[PDB]
Amino acid sequence: XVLXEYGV
Amino acid sequence: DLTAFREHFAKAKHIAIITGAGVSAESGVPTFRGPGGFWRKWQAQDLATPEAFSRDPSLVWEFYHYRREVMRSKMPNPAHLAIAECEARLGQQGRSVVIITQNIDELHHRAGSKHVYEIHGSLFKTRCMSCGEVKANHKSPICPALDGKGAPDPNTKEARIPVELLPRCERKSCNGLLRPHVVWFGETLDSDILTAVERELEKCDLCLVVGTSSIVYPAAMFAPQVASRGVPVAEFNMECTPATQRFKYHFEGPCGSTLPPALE
Amino acid sequence: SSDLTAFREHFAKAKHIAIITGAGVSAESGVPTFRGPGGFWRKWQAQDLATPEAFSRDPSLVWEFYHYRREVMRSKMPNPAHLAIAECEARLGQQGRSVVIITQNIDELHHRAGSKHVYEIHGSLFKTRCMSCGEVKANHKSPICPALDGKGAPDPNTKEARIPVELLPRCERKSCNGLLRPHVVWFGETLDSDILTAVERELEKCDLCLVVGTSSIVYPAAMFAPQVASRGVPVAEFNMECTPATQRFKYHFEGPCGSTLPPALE
Ligand SMILES: [Zn+2]
Ligand SMILES: [Zn+2]
């Protein structure tokens, strides 16, 4: 799954 | 160039509008990013996380209670509406218009946009931590214990509510703890939603990025897909647009001003 | 009364609210109204064109003027007041609480914010009246008719469309085929007795009245707010007219409606 803000 | 944009808009038949928090900001909604964006002693980054919730729901719920209450005085700006109206106006003629939004304040819903994708979920939706149910909730206060808590001042004492008295699952066969049905830092987006969006974008023949830019999350997950098919993309935001290297359709300045002319 | 939270406790208690809107609210949405000092249309102000004679004597021209006004709404959105109202009306109704708008405006902006129990007392731009048989239907067609298509340009210089009357909008119930006019009140035209009776009823029922983007002391707000205030029902003004210290009613709330009102009604 896609993190919010790509992890940041 | 404006009238260039207008002739795609004329021709175009499946439009997909991505909204950032620029539009929310234009309605007076706070958004807790950088320059002066704190709540009491913390920025969003501290509170909008699963651990913060595990570790202090009283506090997290205060934060979120406050955000729910502020919407009571905060109305949809002219963009929110031009969209809603354009969606409706176009649909009449069998023309498709969908909103894809990083915002969670239901302001599109209130302007009356219908085919909408809330990709961060919503403030006015609740998820039971026990059974997992997702129901809408616009109660003010969401529960007695929070009644007029969540005040935004650095100094404010913490409501310090016992967890049993935070909002709970009304299906009392469970009575689990509810959380805001919102995507937090370090949580994945709903694959179901992205598939639907991915479909929707692939169908689109004109894309609008509004109150944000193509180059940053979340727009940047999508704009490529559509741009890569040669579909024109148009930004409407406050980001400045350097000399010499102006994009094919940047529309600098507040959405509320820029957009309704564009969409009429 | 400057004081906010005082007002809020009537609002809490109150069960039939009646909100009167002036053109202040329309102005706050960018809507032009052609009286104000610099606001002409080609060679004339509203006063010249918004009359029965002007219509009898040059419908081509009047219809141009009105065609243009209809089209400008296409870019002009409801401001936060228009909505707070609509939302408050809806939110209150849920709890069996009554909310009605009484409005001097003719731009359907309340309708578009989604207010329902509304009284357009000057009629509306987007309603048509047959001169022959008298029929009243809504009309949002753009253009209202082919002959006016992209006419009505506002520049002093602009040539007149000069349309022959048979090609101006007509009664499509061809049992008649009369000429249509805008279903609006013009200068020197009295208000619909039907509507006033309904309003008179509505006001008599109300236990809180709001005057918005106008003031109690001037026509036509002054036909209403006094009647109800005089029975001790509280009246609250929300406007940008200074209306000097003595002319403010119970609660004044000076400054733009869009700012002032949503806090008040939430
Ligand atoms: Zn549950
Ligand atoms: Zn007729």
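Residues numbered from 1 in each chain as written, not as in the entry; some residues may be left out. Chains lettered and ligands numbered in written order. Heavy atoms only, no water. Residues with missing side-chain atoms left out of burial classes, pairs and counts.

This deposited entry lists X-ray crystallography as its structure determination method and 3.30 Å as its resolution.

On to the pattern of salt bridges, then. Summed over the entire model, instances satisfying the criterion amount to 17 salt bridges over all chains. Across the salt bridge formed by B:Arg110 and C:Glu87, the nearest N and O atoms sit 2.9 Å from each other. Placement of the pair is B:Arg110 in helix α7 (residues 107-111) and C:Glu87 in helix α6 (residues 80-94), with the two residues belonging to separate chains. When its relative accessible area of 22% is taken as the criterion, C:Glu87 is described as partly exposed. Within the structure, one salt-bridge network assembled from shared partners comprises B:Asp56, B:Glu158 and B:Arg160. (Salt bridge = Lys/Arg side-chain N within 4 Å of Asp/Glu carboxyl O. Helix = DSSP H or I, 4+ residues; strand = E, 2+ residues; numbered from the N terminus. Buried < 20%, exposed > 50% of the residue type's maximum accessible area, 1.4 Å probe, protein only.)

This part covers the coordination of the zinc ion (ligand 2). Residues and elements named next belong to chain C. Protein-derived coordination of the zinc ion (ligand 2) comes from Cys130 (SG), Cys133 (SG), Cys171 (SG) and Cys176 (SG), at a distance range of 2.3 to 2.4 Å. Here the zinc ion (ligand 2) binds 4 donor atoms, and the angle range of 98 to 120° at the metal identifies the geometry as tetrahedral. Mapped onto the sequence, the donors of the zinc ion (ligand 2) take the spacing C-x2-C-x37-C-x4-C. Judged by relative accessible area, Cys130 falls into the buried class, the value being 2%. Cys133 gets classed as partly exposed once you look at its relative accessible area, which sits at 42%. (Donors = N, O, S within 2.8 Å, 3.2 Å for Na, K, Ca; no water. Tetrahedral: all angles 85-135°; square planar, octahedral: opposite > 155°, others 65-115°.)

Once that is clear, we can look at the interface of chain B and chain A. Between chain B and chain A, the contact holds 11 residues from the first and 6 residues from the second. Residue composition of the side of chain B that touches chain A, by class: 7 nonpolar, 2 polar and 2 charged. (Contact = heavy atoms within 4.5 Å. Nonpolar A, V, L, I, M, F, W, Y, C, P; charged D, E, K, R; others polar.)

Residues and elements named next belong to chain B. Summarizing the sequence annotation, UniProt attributes the feature "binding site: substrate" to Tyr64 and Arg67 in the numbering used throughout. The topology assignment puts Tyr64 in helix α5 (residues 57-70). Not counting residues up to four positions away in its chain, the partners in contact with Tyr64 are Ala48, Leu123, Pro180, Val182 and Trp184. Relative to the assigned elements, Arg67 resides in helix α5. Relative accessible area serves as the criterion here: at 16%, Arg67 is assigned to the buried category. Once residues within four sequence positions are removed from consideration, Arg67 is found in contact with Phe32, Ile104 and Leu123. (UniProt positions renumbered as here; feature names shortened; annotations may be inferred.)

Residues and elements named next belong to chain B. Summarizing the sequence annotation, UniProt attributes the feature "binding site: Zn(2+)" to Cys128, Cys131, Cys169 and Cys174 in the numbering used throughout. Taken together, the annotated residues stretch across 47 residues yet fold into one region, lying no more than 9.2 Å apart by C-alpha. Inspection of the secondary structure assignment puts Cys131 in the loop between β6 (121-128) and β7 (134-136). When neighbours within four sequence positions are excluded, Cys131 is seen to be in contact with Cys169, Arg171 and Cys174. Residue classification places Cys174 among the partly exposed residues on the basis of a relative accessible area of 24%. Excluding residues within four positions of it along the chain, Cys174 makes contact with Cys128, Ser130, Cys131 and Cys169.

So, on to the packing of helix α1 (residues 2-11) of chain B against helix α10 (residues 255-263) of chain B. In a pair of packed helices, the angle between the axes and the distance between the axes together describe the arrangement. Residues and elements named next belong to chain B. Relative orientation of the contacting elements α1 and α10 amounts to 50°, with a least axis distance of 9 Å. With respect to their mutual orientation, α1 and α10 come out oblique. Touching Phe5, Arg6 and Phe9 of α1 are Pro261, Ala262 and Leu263, all from α10. Tallied by class, the residues present in the contact of α1 with α10 amount to 5 nonpolar, no polar and 1 charged. (Axes fitted to C-alpha atoms, helices over the stretch in contact; angles between N-to-C directions. Parallel < 35°, antiparallel > 145°, perpendicular 65-115°, else oblique.)

Counted as a void, the largest pocket has a volume near 1200 Å³. Along the wall of the largest pocket there are 39 residues; nearest its centre are C:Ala23, C:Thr33, C:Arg35, C:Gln104 and C:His122. Elements supplying a minimum of two residues to the lining of the largest pocket: α2 (23-27) and α5 (59-72) of chain C. Ranked by the residues each element gives to the lining of the largest pocket, the list is headed by α2(C), at 4 residues. Residues that form the lining of the largest pocket fall into these classes: 22 nonpolar, 11 polar and 6 charged. A domain split of the lining of the largest pocket shows at least three residues from each of domain 1 (1-31 + 77-120 + 190-266) and domain 2 (32-76 + 121-189) of chain C. Roughly 920 Å³ of internal volume is contained in the second largest pocket. Among the secondary structure elements, those contributing two or more residues to the lining of the second largest pocket are α1, α6 (78-92), α7 and α10 of chain B together with α5 and α7 (109-113) of chain C. Of the residues that constitute the lining of the second largest pocket, the class distribution is 15 nonpolar, 6 polar and 14 charged. (1 Å grid on protein atoms, 1.4 Å probe; cavity = no way out; pocket = protein on both sides within 12 Å on 5 of 7 lines; lining within 4 Å. Points joined across faces, edges and corners; volume = space filled by probe spheres on them. Domains from an automatic or database assignment.)

Before going further, it helps to spend a moment on the environment of B:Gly211. Residues and elements named next belong to chain B. Summarising the element assignment, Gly211 is placed in the loop between β9 (206-210) and α9 (223-227). Among the residues examined, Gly211 registers a relative accessible area of 14% and is labelled buried. Between the alpha carbons of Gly211 and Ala84 there is a distance of 16 Å; along the sequence they are 127 residues apart. Filtering out sequence-adjacent residues up to four positions away, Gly211 remains in contact with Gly20, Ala21, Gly22, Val23, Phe236, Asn237 and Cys255.

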